[PDB]
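> let me start by giving you these chains from the complex, positioned as in the assembled structure:
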Amino acid sequence: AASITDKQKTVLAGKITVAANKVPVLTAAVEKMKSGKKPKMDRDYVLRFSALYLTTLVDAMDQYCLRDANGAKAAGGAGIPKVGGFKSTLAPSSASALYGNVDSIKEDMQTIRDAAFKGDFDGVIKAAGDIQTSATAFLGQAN
Amino acid sequence: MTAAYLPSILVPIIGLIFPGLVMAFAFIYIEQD
Amino acid sequence: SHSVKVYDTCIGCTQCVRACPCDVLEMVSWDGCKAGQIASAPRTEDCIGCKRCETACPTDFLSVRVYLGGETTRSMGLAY
């Protein structure tokens, strides 16, 4: 009895779950970087891990929030995704109540980015934990 | 490895059953009048 | 079976027939040469393809020619 919109919602939720379970790999990697004989931050690893996994986490969360706010017009009822031209008949994804965690995680990215330039292992660990908790809250509220 | 049973199922099949049947049927084909 | 041809450059020296181990060639009457005879191959089903006739031919590039074709029990020299 589930619609196509609900199926896309479940696919996005699965993507969010997968990326949230990927985050502790980065956590363990940064704890291994800290617990070393010559502790150095592998900046490239943290930036690439963010740009794949945390970025697809934000993208899937944004698409889920867009489907939550608009509904069937965000699942394809307005047609193909567009940039420029006509006028967007869609509500912004900020209008969803579920966007608050989405507002946290992104700014937390900058902390990670700053930590990747700063070398702060525990900053990366704590920000990864914050992403994990915000993803868990988002998934357990979204249902 | 997801679906780890598949190598242990398919490698003996592909390496012993497939060539045996191929050689048997090819033998039957090339030797029949 | 192999194919054996005799071209009209044959001088009728009978060397190719004498060199044949399988009795494939024989000399027949002809008017194209001074010897009055030309080689012929009526029995090419017994030809093994040894080309002893081609070795025996004295005319510049050979008058008797063996073209190897489909292999049979006789042409393969099989005693089994």
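Thanks, I have it. Numbers count the residues shown, from 1 in each chain, chains lettered A, B, ... in the order given.
> which residues touch the most centrally placed residue in chain C?
For chain C, residue C:25 is the residue whose C-alpha lies nearest the centre (C-alpha atoms, centre = their mean; 4.9 Å). Applying C-beta atoms under 8 Å, 6 or more residues apart in numbering or on different chains, we find residue C:25 in contact with C:4, C:6, C:16, C:17, C:39, C:40, C:41, C:43, C:53, C:64. For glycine as for every other residue, the C-beta is placed from the backbone atoms N, C-alpha and C.
> now do 7 Å
C:16, C:17, C:39, C:40, C:41, C:53 (C-beta atoms under 7 Å, 6 or more residues apart in numbering or on different chains).
> any idea which helix or strand carries the last one?
Using DSSP states H and E, residue C:53 maps to helix C:52-56.
> try the second one
Assignment of secondary structure by DSSP H and E places residue C:17 within helix C:15-19.
> who touches stretch A:86-106?
A:58, A:61-62, A:65-66, A:68-70, A:73-74, A:78, A:131, A:134, A:137-138, A:141-142.
> next, residue A:85: phi, psi?
phi 80, psi 150 (degrees, to the nearest 10).
> closest one of the contacts of residue C:25 to residue A:2?
residue C:41 (86.4 Å; C-beta to C-beta).
> the closest residue to the closest one other than its chain neighbours pairs with what?
Computed as C-beta to C-beta, 6 or more residues apart in numbering or on different chains, the closest residue to residue C:41 that is not its neighbour in sequence is residue C:4, at 3.8 Å. Bridge pairing for residue C:4 (DSSP bridges) gives the partners residue C:66.
> check contacts around residue C:4.
C:24, C:41, C:44, C:47, C:64, C:66.
> list the ones among these that fall in helices.
Of those, none are assigned to helices by DSSP state H.
> just the buried members of these?
Buried subset of the contacts of residue C:4 (neighbour count, 16 or more other C-beta atoms under 10 Å in any protein chain shown): C:24, C:41, C:44, C:47, C:64, C:66.
> please produce CSV containing these, extended by distance to residue A:89.
Converted to CSV, the buried ones among the contacts of residue C:4 look like this (distance: C-beta to C-beta, whole Å):
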residue, distance to residue A:89
C:24, 95
C:41, 93
C:44, 90
C:47, 91
C:64, 94
C:66, 89
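> put chain D on too:
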Amino acid sequence: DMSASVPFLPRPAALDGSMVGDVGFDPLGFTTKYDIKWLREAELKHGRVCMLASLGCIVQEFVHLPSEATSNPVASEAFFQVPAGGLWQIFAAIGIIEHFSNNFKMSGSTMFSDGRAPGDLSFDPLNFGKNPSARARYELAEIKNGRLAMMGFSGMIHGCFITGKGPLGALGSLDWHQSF
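Below is chain D, added to the chains above:
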């Protein structure tokens, strides 16, 4: 000689006027490449789906079956709000109708052996067709309403894509005061 619809182009040789709705309009020469019976069967099937689609969009914009999945008037979002199982039910009924009405001949060569006239599925339960003079006019009206409904359904579904209001909802909402 010269086509009636397009005066400057020569008349297509396959369109001799025996088929109804013929004004000699084949500028791209599809009739030379493909069989005319296949093209007429395709034209009627596309037109019949577009007639059903235009009538469907017009009536669902105003009146709907009572449920929250079916209550959205806009057709494109209606396709996404209703359950996908029901779409599979639509697809399966269309598939069995396609397999039965075609008498299981669906290839290009196989439909026209033991051949039925194109667009005739031997479906006429009310039997208005029996009179030939009514038949020819019915044929012409079916071809013209099919082409007109192809254009109408295209305009409605793309107008839903820009506007999101439905066909009459888009028609009432032409904004005569836009900045651009």
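> let's see the contacts of stretch A:86-106 again after adding chain D.
A:58, A:61-62, A:65-66, A:68-70, A:73-74, A:78, A:131, A:134, A:137-138, A:141-142, D:162, D:164.
> could you do stretch D:116-129 as well?
Under C-beta under 7 Å, 6+ apart, the answer for stretch D:116-129 is D:37, D:40, D:41, D:44, D:101, D:134, D:135, D:138.
> around the third one, how many other residues sit close by?
Other residues within reach of residue D:41 by the criterion other C-beta atoms under 10 Å in any protein chain shown amount to 21.
> related to what we said a few turns ago, and the helix holding residue C:17, which residues are buried?
Those would be C:15, C:16, C:17, C:19, for helix C:15-19 by 16+ other C-beta under 10 Å.
> which among those residues gets closest to residue D:108?
Of the buried residues of helix C:15-19, the one sitting nearest to residue D:108 (C-beta to C-beta) turns out to be residue C:16, at 66.1 Å.
> quick one: secondary structure of the closest residue to chain A within chain C?
Nearest residue of chain C to chain A (C-beta to the nearest C-beta) works out as residue C:71 at 65.5 Å. At residue C:71 the chain is in coil, as set by DSSP: H, G, I helix; E, B strand; the rest coil.
> select the longest helix from chain A.
helix A:4-34.
> could you say what helices and strands that helix packs with?
helix A:43-49, helix A:55-69, helix A:121-142, helix D:75-81 (3 or more C-beta pairs under 7 Å, 6 or more residues apart in numbering or on different chains; DSSP states H and E).
> looking at the ones you listed, which is buried most?
helix D:75-81 (a mean of 22; mean count of other C-beta atoms under 10 Å in any protein chain shown).
> quick check: next helix or strand after that one?
helix D:84-101.
> how about that next one, which residues are buried there?
residue D:84.
> OK, contacts around the most centrally placed residue in chain D?
Geometric centre of chain D, nearest residue: residue D:47, 1.7 Å, by C-alpha atoms, centre = their mean. By C-beta under 7 Å, 6+ apart, the contact list for residue D:47 reads D:146, D:147, D:149, D:150.
> let's see the lengthiest helix in chain B as CSV, backbone CA atoms only.
Counting residues, the longest helix found in chain B (DSSP H) is helix B:18-31. Presented in CSV, the C-alpha positions along helix B:18-31 are these (Å, rounded to 0.1, in the frame of the first residue of the first chain):
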residue,chain,number,x,y,z
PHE,B,18,31.2,-27.5,-16.5
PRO,B,19,34.4,-28.8,-18.2
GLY,B,20,33.4,-32.4,-17.7
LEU,B,21,30.0,-32.0,-19.4
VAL,B,22,31.6,-29.8,-22.1
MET,B,23,34.3,-32.4,-22.9
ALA,B,24,31.8,-35.2,-22.8
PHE,B,25,29.2,-33.5,-25.1
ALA,B,26,32.0,-32.2,-27.4
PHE,B,27,33.4,-35.7,-27.6
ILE,B,28,30.0,-37.2,-28.4
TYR,B,29,29.5,-34.5,-31.1
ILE,B,30,32.9,-34.8,-32.8
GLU,B,31,32.9,-38.6,-32.8
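> further, place chain E onto the existing structure:
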Amino acid sequence: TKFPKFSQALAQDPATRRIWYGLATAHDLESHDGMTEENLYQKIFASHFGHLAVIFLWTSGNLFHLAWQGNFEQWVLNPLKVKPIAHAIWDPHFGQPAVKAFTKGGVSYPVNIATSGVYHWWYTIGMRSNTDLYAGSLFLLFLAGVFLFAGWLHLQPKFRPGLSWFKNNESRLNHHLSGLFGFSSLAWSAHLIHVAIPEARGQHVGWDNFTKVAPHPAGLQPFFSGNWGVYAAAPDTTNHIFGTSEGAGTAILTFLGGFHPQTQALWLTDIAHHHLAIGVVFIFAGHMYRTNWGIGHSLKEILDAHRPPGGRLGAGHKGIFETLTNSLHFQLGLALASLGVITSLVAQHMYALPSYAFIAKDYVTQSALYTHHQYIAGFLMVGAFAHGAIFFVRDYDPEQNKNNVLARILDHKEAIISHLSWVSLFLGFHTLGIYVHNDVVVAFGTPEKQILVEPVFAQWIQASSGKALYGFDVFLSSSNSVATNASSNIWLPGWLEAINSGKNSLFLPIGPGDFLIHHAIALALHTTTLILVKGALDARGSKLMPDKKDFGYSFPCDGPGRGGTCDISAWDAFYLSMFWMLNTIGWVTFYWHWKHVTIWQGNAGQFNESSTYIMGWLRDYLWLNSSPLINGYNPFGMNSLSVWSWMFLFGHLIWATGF
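Chain E, in position alongside the others:
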């Protein structure tokens, strides 16, 4: 016995020769019983479809086996430390230490470490996870199924094409140049601009968002305005970390030149403009021939009209049109020769100018790729000459080629073969004399007596490309040359930075050993050309056997008469030239691998001092680098190299069996 249904003569053979000769003549459709030209072309078309499907299935299998058993998602994050996995191992003949020793790559099961470089290629073109690898494998499985269905369909009645369709040269040339070369290159440039470059800058583009994520912030408005140089503004910074937005630019089309300073590979925007330009050039080439609309060139008129009026080429190219259209073997030889030349070009240019991120640091992958494509090149060139010889045997009509260029090749074939013999003997005599001379004088304790010629021509070429090592001060190594001022605003800084940094394989420094090994390579190329050309031109007949064309392309001999006629056919010339081709690719790969190992070790002077004599090659390259290979397994243990340690010996066995 009806296995060889295509040969009645083979099917009546009462011996085991029937199976072997049916196996070896199964795809020789021209020699089959009652083969007509239309049936021949249709079978060839369907077989080409089947080979295309096989290629697609192999690539889909690579993609699937990586998405299932690889470590691509781990490798993308840390490309320069994580060892790439090709596929999983399940071998029940293994003991436990072999299971332990092959468990690498961060996984818990035995794996093989990939040398094909598919990781770098797939990462560079924008794949990051395992999901899109599986989706690509599915798409190629579907595409292979589509081409299998097309191969079946285009053999079915009322779809079998006629001989006029197959021999439509102008239409096939226009469509394959404009669409198969041009539009494919334009679409690949589109994929690079739309997908690969944003994924290189840490922003995800897939099918779900590529219609709403613009490749450039200004959109297609600068393209439609003619302000194309806006696409050249704000390129990637020299601090850019690949796959992230840190230091990323916004440009989509540049000609910056040189390498990305982190990946040590070519800029992706340069690749996108290159493939865009290649598409434009090829579509312009693909409107050249007349097909249905009066405009365009006629191939027959071009061939017949280019006869030089001095008469040095005879009738010129008259009759070459019908000879080429009617002979599939002449076409096959031309295609194989051109393909071999370009895969040699791929092998040289990809190590010298790599395009895939982090692949210049994968030494095993570079060695495997170079060796693989160079051996493919040798095979393709040998096949080109062999099938040209087959064209002389089966398809050459002298009466249709009276005073043609082909006929004039045949009329001075003796001069060609004699001069090839002269240059081969010249090269071999003096190259071997210099090598043996250097060996003898180094063995006697006097390396200062070696004959060491500096390769000043190629060093002058390197300086013309901008290499300042040799002090030639000419062209791009001159700061006042007109070429330098011409290119100073476009590409000169990046190219000069890449060519004058000794951290890559861009125009590597060369010495007397490089001179000697290139002249040895010239010797081997000229000698293989001598064998192949002599086989092709004597295929129709010689003084020992003037009626060779009556006996076909392949036959054992003409008997012990006339002195003996062993290995007289052109197939036998192919057979003799295969060893020389193996020798030439062996010399090339030995040179490449020894030079690259000595540079990568930081010990290039070992190559510079040891490559001038044969004992240096035997000791410092063959003997010295054999130690980890022969210690893959020993009485003390085994490690992951053991399989190669087996395969090595395997080769030493099977090679000998050939003898």
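> could you re-examine the contacts of residue C:25 with chain E now present?
C:16, C:17, C:39, C:40, C:41, C:53 are the contacts of residue C:25 under C-beta under 7 Å, 6+ apart.
> one more pass at 10 Å, please.
C:4, C:6, C:14, C:16-19, C:39-44, C:47, C:53, C:64 (C-beta atoms under 10 Å, 6 or more residues apart in numbering or on different chains).
> neighbours around residue A:50, how many?
25.
> which element, helix or strand, includes the nearest residue to it once chain neighbours are set aside?
Spatial nearest neighbour of residue A:50, excluding adjacent residues (C-beta to C-beta, 6+ apart): residue A:112 at 5.8 Å. Assigned by DSSP H and E, residue A:112 falls within helix A:99-118.
> list the buried residues in that helix.
Per 16+ other C-beta under 10 Å, helix A:99-118 contains these buried residues: A:99, A:101, A:102, A:104, A:105, A:108, A:109, A:111, A:112, A:113, A:115, A:116.
> and the contacts of residue C:25 near chain B, which?
Among these, no residue sits close to chain B (C-beta under 10 Å from any C-beta of the partner chain).
> nearest to chain C, of the buried residues of helix A:99-118?
Distances from chain C to these, taken by C-beta to the nearest C-beta, are shortest for residue A:116, at 76.6 Å.
> what helix or strand is the residue nearest to the centre of chain D located in?
Residue-wise, residue D:47 maps onto helix D:36-62 under DSSP H and E.
> mind listing what's buried along that helix?
D:36-37, D:39-41, D:43-44, D:47-48, D:50-51, D:53-54, D:57-58, D:60-61.
> ok, now how distant is residue E:547 from residue E:396?
15 Å (C-beta to C-beta, to the nearest Å).
> give me the more crowded residue out of those two.
Relative neighbour count places residue E:396 above the other of residue E:547 and residue E:396, with 21 against 13, counting by other C-beta under 10 Å.
> check contacts around that one.
Neighbours of residue E:396 in contact, by C-beta under 10 Å, 6+ apart: E:323, E:327, E:329, E:330, E:388, E:390, E:406, E:407, E:410, E:539, E:540, E:549.
> what does chain E have sitting close to chain A?
Checking chain E against chain A by C-beta under 10 Å from any C-beta, the hits are E:73-74, E:76-81, E:128-129, E:131, E:199, E:201-204, E:206, E:208-214, E:219-221, E:241-246, E:248, E:262.
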